[PDB]
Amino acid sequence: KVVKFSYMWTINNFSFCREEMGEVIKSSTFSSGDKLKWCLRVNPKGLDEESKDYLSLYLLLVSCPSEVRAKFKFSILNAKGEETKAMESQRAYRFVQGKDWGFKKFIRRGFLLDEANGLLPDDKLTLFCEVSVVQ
């Protein structure tokens, strides 16, 4: 079977983030409604030297009573609430409690942070995550 669910994460005052390379912000936890708890994690200035040009974005399995397999998709919502710049795992990945999977090079900082592209209305970054858990 499959259980599909989503979480929308609004990061307020995004331009004010002081996170340096490798520093992370995690979201509140979410679930399908569920013994599992997930959260999102973003590195606004990338995870590492290779990704310092990018936001790195991950799905974390926070609490899980030995393993689960899950496909995931992350996107950015524009001002109209439409999904843009989506990236989706080509397959399901194996999560254990405390394990994350994601995209180290999710979106170019030079793109997201340029006001002309309009993806930070009211200085808010809105990310949307869809997860499909294999049961």
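Each residue number is its position in the shown sequence, starting from 1.
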I'd like the number of residues from the deposited sequence that lie between residue 65 and residue 66 yet are not in the model, binned as none, 1 to 3, 4 to 9, or 10 or more. 1 to 3
Pick between 13 to 21 and 107 to 115: the one whose mean CA B-factor in the entry is higher. 13 to 21
Between 88 to 96 and 40 to 48 (mean CA B-factor, as deposited), the higher: 88 to 96
Reading the B-factor column of the entry, which of 70, 61, 55, 79 has the highest value at its C-alpha atom? 79
Should residue 31 be placed in the lowest, middle or highest third of its chain by the C-alpha B factor in the entry? highest
